[PDB]
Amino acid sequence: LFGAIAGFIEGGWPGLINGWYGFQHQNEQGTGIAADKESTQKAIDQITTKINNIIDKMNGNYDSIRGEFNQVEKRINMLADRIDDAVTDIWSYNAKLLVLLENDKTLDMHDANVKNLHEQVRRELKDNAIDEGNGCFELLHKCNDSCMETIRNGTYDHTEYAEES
């Protein structure tokens, strides 16, 4: 666990459209919600690859292990059924455990992704902002609608603002 989701960012945003991770701003001229297509798409690609891998790699033969028997060959009939059942028990346990294991990792992956996004924004601003410890950043200078975009697209330069701080 990475301490972001349900951690220091204690809640989610309903009305976050077409994205898992995003930004919420407020300058003198409004608000102010947008998904981060970069980290969201990359996350979407990973989940898709994971799901496809889990399914596509099962390319073997999985129908029943059984044959036809008359009523005089009960023993061989019972062994066939027991073996089919045993193979079934192996797949049953692995299926359940894999889902538990991967759900664990999927949730933590998302936690890691928004934490990395938060760290990414913190590194941009440097001393030009106060880290409120809740996912928010208080700017020490004024920020255009254009300025907010430079933060969102990673191109924010802390030198061209350091003095109003």
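One rule holds for the numbers: they count along the sequence shown, beginning at 1.
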property: Stretch with the higher entry mean CA B-factor, where the candidates are 82-90 and 68-76; result: 68-76
property: Selected stretch [higher average CA B-factor]: 97-105 or 121-129; result: 121-129
property: Which of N113, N59, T49, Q29 ranks first by CA B-factor in the deposited coordinates; result: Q29
property: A4 - Cα temperature factor, lowest/middle/highest third of chain; result: lowest
property: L140 - Cα temperature factor, lowest/middle/highest third of chain; result: highest
property: Chain-relative CA temperature factor third for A35; result: middle
